[PDB]
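Structure first, then comments.
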Amino acid sequence: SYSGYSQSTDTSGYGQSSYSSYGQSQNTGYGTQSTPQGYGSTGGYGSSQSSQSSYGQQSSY
Amino acid sequence: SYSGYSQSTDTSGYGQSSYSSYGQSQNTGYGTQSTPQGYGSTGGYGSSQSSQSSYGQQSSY
Amino acid sequence: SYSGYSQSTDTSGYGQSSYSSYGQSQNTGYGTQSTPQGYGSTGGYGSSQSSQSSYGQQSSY
Amino acid sequence: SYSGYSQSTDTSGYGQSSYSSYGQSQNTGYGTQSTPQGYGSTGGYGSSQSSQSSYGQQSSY
Amino acid sequence: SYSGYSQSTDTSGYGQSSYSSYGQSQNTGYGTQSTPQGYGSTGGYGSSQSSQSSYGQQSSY
Amino acid sequence: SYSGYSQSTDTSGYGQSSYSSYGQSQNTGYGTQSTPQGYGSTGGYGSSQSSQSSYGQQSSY
Amino acid sequence: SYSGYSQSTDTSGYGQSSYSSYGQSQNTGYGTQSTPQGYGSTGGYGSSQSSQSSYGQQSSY
Amino acid sequence: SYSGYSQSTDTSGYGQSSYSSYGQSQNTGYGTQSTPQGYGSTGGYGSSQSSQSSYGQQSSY
Amino acid sequence: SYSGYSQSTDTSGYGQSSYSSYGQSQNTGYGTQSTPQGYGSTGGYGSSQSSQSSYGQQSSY
């Protein structure tokens, strides 16, 4: 809570990734994937009191 | 809560990613994926008290 | 909580990965994978009191 | 909690991996794999009191 | 809790691995594997009191 | 808890492995393997009081 | 707990192995193997009081 | 607990092995093997009081 | 507990073995073998009070 530097929180979506490809190459993201549901990536330091759920996630067929 | 630097929170959508491709190359994002539902990426540090849910997410067919 | 440096938390989505490929090469992300559901990647240091669940995750067929 | 450096926590998604491939080569991510469900990668140092579960994860058929 | 350096915790997803391949070579990630469920990779030093379970993980058929 | 250096804990996913291959060579990850379930890789030094289980893990058929 | 150096704990996934192969060679990971279930690789020095179990692990058929 | 150097504990996954192969050669990991279940590789010096079991491990058929 | 140097404990997975092969040669890991179950490789010096068992380990058919 006190003195925070380089604070970066990310559940999905290339949190911290660069130079995926260079020159001739096929750059394709994740593709098929289901991210959280409800409190995806709990950020905002201080207090996180919640409740959620998910049952039926599908990506690409 | 006190002294915050480089504070960046992102659940999905390339949180911190650059130089995905260079020159000849096919740059394709994630493609098929379902992000949170309700409190996606809890930011705004201070307090996060909520409740949600989701059951029936589909991406591309 | 006091004095924080290089603080980076990421459950999925290439937390900290660079130079995946260079020049001629096929850069393909994860592909088929299901990330958390509810409190995916618990960040925001301070307190995390929640409850969730998920039973029915599918990626690519 | 006091004096933190090089603090990086990641359950999946190449936590800390670079130079996966160079020049002619096929760069393919994990492929088929199911990440946590509920409290995937418990970060945000301070306190983590939760409960979750998951029974029915599938990746690629 | 006091004085922390080079603190990096990762359950799966190449925790700390670089130079997987160089030049002509086939770079393939794990492939088929199921990561934790519930409290995957317990990070955020301070206290981790939770409970979870999972019975039905499948990767690639 | 006091004075910590080179602290890196990883259950699976090449904890600390580099230079897997060089030049002409087939770089293939683990392949078929099931990681923990519940409290995979107990990190965050301080206290870890939990309970979990898993019976039905399969990787590649 | 006091004065810690070169502290690295890893149950599976090449804890500390480099230069697996060089030049012409087939680099293949473990292949078929099931890692712990519940408290895989008990890290986070301080206290580890838990209970778990697993009966039904399979890797590759 | 006091003054710790070169502290590295690993149950499986090449704890401390390098230069597995050089030049023309077939580098194959363990292959078929089942790692612990429950408290695989008890690390985090300080105290480890738990209980677990496993009866039904199979690797490759 | 006091003054520890070159402390490395590993039950399986080439604890401390290097230069397995050089140049033309077939580098094959253990192959078929079942590692502990429950408290595999009791590390974390300080105290280890647990109980476990396993009856039904198979590697490769």
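Residues in the structure tokens are numbered from 1 in each chain, the chains being A, B, ... in the order shown, and ligands are numbered from 1 in the order shown.
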
For residue C:52, find every residue with an atom within 6 Å (counting only C-alpha atoms), except residues of its own chain fewer than 4 positions away, and show them as a PyMOL selection string. (chain A and resi 51-53) or (chain C and resi 38) or (chain D and resi 38+52)

Could I get chain G fitted onto chain H (least squares, all C-alpha atoms, in order) as a CSV table (one decimal) with N, CA, C and O atoms, in the first residue's frame?
chain,number,residue,atom,x,y,z
G,1,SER,N,18.0,-22.9,9.4
G,1,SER,CA,17.2,-21.7,9.4
G,1,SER,C,18.0,-20.4,9.4
G,1,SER,O,17.6,-19.4,8.9
G,2,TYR,N,19.2,-20.5,9.9
G,2,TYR,CA,20.1,-19.4,9.9
G,2,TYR,C,21.3,-19.6,9.0
G,2,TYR,O,21.9,-20.6,8.9
G,3,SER,N,21.6,-18.5,8.2
G,3,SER,CA,22.7,-18.6,7.2
G,3,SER,C,22.5,-19.8,6.3
G,3,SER,O,22.9,-20.9,6.6
G,4,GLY,N,21.9,-19.5,5.1
G,4,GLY,CA,21.6,-20.6,4.1
G,4,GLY,C,22.3,-20.2,2.8
G,4,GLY,O,22.0,-19.1,2.3
G,5,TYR,N,23.0,-21.1,2.2
G,5,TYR,CA,23.7,-20.9,0.9
G,5,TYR,C,23.5,-22.1,0.0
G,5,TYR,O,23.5,-23.2,0.5
G,6,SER,N,23.4,-21.8,-1.3
G,6,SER,CA,23.3,-22.9,-2.2
G,6,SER,C,22.2,-23.9,-1.8
G,6,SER,O,22.3,-25.1,-1.9
G,7,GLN,N,21.1,-23.3,-1.4
G,7,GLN,CA,19.9,-24.1,-0.9
G,7,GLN,C,19.0,-24.4,-2.1
G,7,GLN,O,18.3,-23.5,-2.6
G,8,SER,N,19.0,-25.7,-2.6
G,8,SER,CA,18.2,-26.1,-3.7
G,8,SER,C,17.7,-27.5,-3.5
G,8,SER,O,18.4,-28.4,-3.5
G,9,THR,N,16.3,-27.6,-3.4
G,9,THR,CA,15.7,-28.9,-3.2
G,9,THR,C,14.7,-29.2,-4.3
G,9,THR,O,13.9,-28.4,-4.7
G,10,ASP,N,14.9,-30.3,-4.9
G,10,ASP,CA,14.0,-30.7,-6.0
G,10,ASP,C,13.8,-32.3,-6.0
G,10,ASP,O,14.8,-33.0,-6.1
G,11,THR,N,12.6,-32.7,-6.0
G,11,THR,CA,12.3,-34.1,-6.0
G,11,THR,C,12.6,-34.8,-7.3
G,11,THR,O,13.3,-35.7,-7.5
G,12,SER,N,12.0,-34.2,-8.4
G,12,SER,CA,12.1,-34.8,-9.7
G,12,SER,C,12.4,-33.6,-10.7
G,12,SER,O,12.6,-32.5,-10.3
G,13,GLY,N,12.4,-34.0,-12.0
G,13,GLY,CA,12.6,-33.0,-13.0
G,13,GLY,C,14.1,-32.5,-13.0
G,13,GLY,O,14.3,-31.3,-12.7
G,14,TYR,N,15.0,-33.3,-13.3
G,14,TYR,CA,16.5,-33.0,-13.3
G,14,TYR,C,16.8,-31.9,-12.3
G,14,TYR,O,16.9,-30.7,-12.7
G,15,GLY,N,16.9,-32.2,-11.0
G,15,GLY,CA,17.1,-31.3,-10.0
G,15,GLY,C,18.3,-30.4,-10.4
G,15,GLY,O,18.1,-29.1,-10.5
G,16,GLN,N,19.5,-31.0,-10.5
G,16,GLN,CA,20.7,-30.2,-10.9
G,16,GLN,C,21.5,-31.0,-11.9
G,16,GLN,O,22.5,-31.7,-11.6
G,17,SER,N,21.1,-30.9,-13.2
G,17,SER,CA,21.8,-31.6,-14.2
G,17,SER,C,21.9,-30.8,-15.5
G,17,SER,O,20.9,-30.3,-16.0
G,18,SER,N,23.1,-30.7,-16.0
G,18,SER,CA,23.3,-29.9,-17.2
G,18,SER,C,24.2,-30.6,-18.2
G,18,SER,O,24.8,-31.6,-17.8
G,19,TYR,N,24.2,-30.1,-19.4
G,19,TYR,CA,25.0,-30.8,-20.5
G,19,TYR,C,24.6,-32.2,-20.7
G,19,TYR,O,25.4,-33.1,-20.7
G,20,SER,N,23.2,-32.4,-20.8
G,20,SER,CA,22.7,-33.7,-21.0
G,20,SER,C,23.3,-34.4,-22.3
G,20,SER,O,23.6,-35.5,-22.3
G,21,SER,N,23.4,-33.5,-23.3
G,21,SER,CA,23.9,-34.0,-24.6
G,21,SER,C,24.6,-32.9,-25.3
G,21,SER,O,24.4,-31.7,-25.1
G,22,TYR,N,25.5,-33.2,-26.3
G,22,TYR,CA,26.2,-32.2,-27.1
G,22,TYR,C,26.3,-32.7,-28.5
G,22,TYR,O,26.8,-33.8,-28.8
G,23,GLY,N,26.0,-31.8,-29.4
G,23,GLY,CA,26.1,-32.1,-30.9
G,23,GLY,C,25.1,-33.3,-31.2
G,23,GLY,O,24.1,-33.5,-30.6
G,24,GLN,N,25.5,-34.0,-32.3
G,24,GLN,CA,24.7,-35.2,-32.7
G,24,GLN,C,24.4,-36.1,-31.5
G,24,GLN,O,25.2,-36.7,-30.9
G,25,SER,N,23.1,-36.2,-31.2
G,25,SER,CA,22.6,-37.0,-30.1
G,25,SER,C,21.1,-36.8,-29.8
G,25,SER,O,20.6,-35.8,-30.1
G,26,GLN,N,20.5,-37.9,-29.3
G,26,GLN,CA,19.1,-37.8,-29.0
G,26,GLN,C,18.9,-37.5,-27.5
G,26,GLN,O,19.1,-38.3,-26.6
G,27,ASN,N,18.4,-36.3,-27.2
G,27,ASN,CA,18.1,-35.9,-25.8
G,27,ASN,C,16.7,-36.2,-25.5
G,27,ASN,O,15.8,-35.5,-25.9
G,28,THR,N,16.5,-37.2,-24.7
G,28,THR,CA,15.1,-37.6,-24.2
G,28,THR,C,15.0,-37.5,-22.7
G,28,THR,O,15.9,-38.1,-22.0
G,29,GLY,N,14.0,-36.8,-22.2
G,29,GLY,CA,13.8,-36.7,-20.8
G,29,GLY,C,13.6,-38.0,-20.1
G,29,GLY,O,13.8,-39.1,-20.7
G,30,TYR,N,13.1,-38.0,-18.9
G,30,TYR,CA,12.7,-39.2,-18.2
G,30,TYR,C,11.9,-40.1,-19.0
G,30,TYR,O,12.3,-41.3,-19.2
G,31,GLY,N,10.8,-39.6,-19.5
G,31,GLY,CA,9.9,-40.5,-20.4
G,31,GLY,C,8.6,-40.8,-19.6
G,31,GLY,O,7.7,-40.1,-19.6
G,32,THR,N,8.7,-42.0,-19.0
G,32,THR,CA,7.5,-42.5,-18.2
G,32,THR,C,7.8,-42.6,-16.8
G,32,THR,O,8.6,-43.4,-16.3
G,33,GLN,N,7.2,-41.7,-16.0
G,33,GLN,CA,7.4,-41.7,-14.5
G,33,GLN,C,6.4,-40.9,-13.8
G,33,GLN,O,6.0,-39.8,-14.3
G,34,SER,N,6.0,-41.3,-12.6
G,34,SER,CA,5.0,-40.6,-11.8
G,34,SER,C,5.7,-40.0,-10.6
G,34,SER,O,6.3,-40.6,-9.8
G,35,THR,N,5.5,-38.7,-10.5
G,35,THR,CA,6.1,-37.9,-9.4
G,35,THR,C,5.2,-38.0,-8.1
G,35,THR,O,4.1,-38.6,-8.2
G,36,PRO,N,5.6,-37.5,-7.0
G,36,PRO,CA,4.8,-37.5,-5.8
G,36,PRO,C,3.4,-37.1,-5.9
G,36,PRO,O,2.9,-36.8,-7.0
G,37,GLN,N,2.6,-37.1,-4.8
G,37,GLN,CA,1.2,-36.8,-4.8
G,37,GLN,C,0.9,-36.2,-3.4
G,37,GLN,O,0.8,-37.0,-2.5
G,38,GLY,N,0.6,-34.9,-3.4
G,38,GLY,CA,0.2,-34.3,-2.1
G,38,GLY,C,1.3,-33.3,-1.7
G,38,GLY,O,1.2,-32.1,-1.9
G,39,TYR,N,2.3,-33.8,-1.0
G,39,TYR,CA,3.4,-32.9,-0.5
G,39,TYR,C,4.7,-33.2,-1.3
G,39,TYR,O,5.8,-33.4,-0.7
G,40,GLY,N,4.6,-33.3,-2.6
G,40,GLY,CA,5.8,-33.5,-3.4
G,40,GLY,C,6.9,-32.5,-3.1
G,40,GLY,O,6.7,-31.3,-3.1
G,41,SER,N,8.1,-33.1,-2.8
G,41,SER,CA,9.2,-32.2,-2.5
G,41,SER,C,8.9,-31.2,-1.4
G,41,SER,O,8.4,-30.1,-1.7
G,42,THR,N,9.1,-31.5,-0.2
G,42,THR,CA,8.8,-30.6,0.9
G,42,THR,C,9.9,-29.6,1.1
G,42,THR,O,10.9,-29.9,1.7
G,43,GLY,N,9.6,-28.4,0.6
G,43,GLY,CA,10.5,-27.3,0.8
G,43,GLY,C,10.1,-26.3,1.8
G,43,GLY,O,9.5,-26.7,2.8
G,44,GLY,N,10.4,-25.0,1.6
G,44,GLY,CA,10.0,-24.0,2.6
G,44,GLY,C,10.4,-24.4,4.0
G,44,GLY,O,9.5,-24.7,4.8
G,45,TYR,N,11.7,-24.4,4.3
G,45,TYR,CA,12.2,-24.7,5.6
G,45,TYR,C,11.5,-23.9,6.7
G,45,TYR,O,11.2,-22.7,6.5
G,46,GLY,N,11.1,-24.6,7.8
G,46,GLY,CA,10.5,-23.9,8.9
G,46,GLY,C,9.6,-24.9,9.6
G,46,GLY,O,9.6,-25.0,10.9
G,47,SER,N,8.8,-25.7,8.9
G,47,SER,CA,7.9,-26.7,9.4
G,47,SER,C,7.0,-27.2,8.4
G,47,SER,O,6.3,-26.5,7.6
G,48,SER,N,6.9,-28.6,8.3
G,48,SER,CA,6.0,-29.2,7.3
G,48,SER,C,5.2,-30.3,8.0
G,48,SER,O,5.6,-31.4,8.1
G,49,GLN,N,4.0,-30.0,8.4
G,49,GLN,CA,3.1,-30.9,9.0
G,49,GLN,C,1.9,-31.2,8.1
G,49,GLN,O,0.9,-30.4,8.1
G,50,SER,N,1.9,-32.3,7.4
G,50,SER,CA,0.8,-32.6,6.5
G,50,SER,C,0.6,-34.1,6.4
G,50,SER,O,1.3,-34.9,7.0
G,51,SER,N,-0.4,-34.5,5.5
G,51,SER,CA,-0.7,-35.9,5.3
G,51,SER,C,-1.4,-36.1,4.0
G,51,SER,O,-2.3,-35.3,3.6
G,52,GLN,N,-0.9,-37.1,3.2
G,52,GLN,CA,-1.5,-37.3,1.9
G,52,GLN,C,-1.3,-38.8,1.4
G,52,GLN,O,-0.7,-39.6,2.2
G,53,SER,N,-1.7,-39.1,0.2
G,53,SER,CA,-1.6,-40.4,-0.3
G,53,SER,C,-2.0,-40.5,-1.8
G,53,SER,O,-2.6,-39.6,-2.3
G,54,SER,N,-1.6,-41.6,-2.4
G,54,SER,CA,-1.9,-41.8,-3.9
G,54,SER,C,-1.7,-43.2,-4.3
G,54,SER,O,-0.7,-43.8,-4.0
G,55,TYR,N,-2.8,-43.8,-4.9
G,55,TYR,CA,-2.7,-45.2,-5.3
G,55,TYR,C,-3.4,-45.4,-6.7
G,55,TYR,O,-4.6,-45.7,-6.8
G,56,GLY,N,-2.6,-45.2,-7.8
G,56,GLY,CA,-3.2,-45.3,-9.1
G,56,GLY,C,-2.4,-44.4,-10.1
G,56,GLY,O,-3.1,-43.7,-10.9
G,57,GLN,N,-1.1,-44.4,-10.0
G,57,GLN,CA,-0.3,-43.6,-10.9
G,57,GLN,C,0.2,-44.4,-12.2
G,57,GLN,O,0.6,-45.5,-12.0
G,58,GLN,N,0.0,-43.8,-13.3
G,58,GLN,CA,0.4,-44.5,-14.6
G,58,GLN,C,1.0,-43.5,-15.5
G,58,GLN,O,0.6,-42.3,-15.7
G,59,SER,N,2.1,-43.9,-16.2
G,59,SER,CA,2.8,-43.0,-17.2
G,59,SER,C,3.0,-43.8,-18.5
G,59,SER,O,3.7,-44.8,-18.5
G,60,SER,N,2.3,-43.3,-19.5
G,60,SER,CA,2.5,-43.9,-20.9
G,60,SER,C,1.9,-45.3,-20.8
G,60,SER,O,2.6,-46.3,-20.6
G,61,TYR,N,0.6,-45.4,-21.1
G,61,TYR,CA,-0.1,-46.7,-21.1
G,61,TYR,C,-0.1,-47.4,-19.7
G,61,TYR,O,1.0,-47.9,-19.3

Chain F: residues DSSP assigns to strand (DSSP E), reported as number ranges by chain: F: 2-4, 8-9, 25-28, 31-34, 57-59

Give me a file of those residues, with C-alpha atoms, as a short mmCIF file (atom, residue, chain, number, x, y, z; two decimals), in the first residue's frame.
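Full text of result-v8.cif as output:
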data_model
loop_
_atom_site.label_atom_id
_atom_site.label_comp_id
_atom_site.auth_asym_id
_atom_site.auth_seq_id
_atom_site.Cartn_x
_atom_site.Cartn_y
_atom_site.Cartn_z
CA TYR F 2 14.32 -12.21 6.89
CA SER F 3 16.92 -11.45 4.21
CA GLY F 4 15.91 -13.39 1.09
CA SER F 8 12.53 -18.83 -6.84
CA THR F 9 9.99 -21.62 -6.35
CA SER F 25 17.20 -29.66 -33.17
CA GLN F 26 13.64 -30.49 -32.13
CA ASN F 27 12.64 -28.55 -29.01
CA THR F 28 9.62 -30.23 -27.43
CA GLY F 31 4.34 -33.09 -23.66
CA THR F 32 1.87 -35.10 -21.57
CA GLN F 33 1.76 -34.37 -17.85
CA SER F 34 -0.67 -33.26 -15.16
CA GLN F 57 -6.01 -36.20 -14.36
CA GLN F 58 -5.27 -37.06 -17.99
CA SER F 59 -2.84 -35.64 -20.56
#
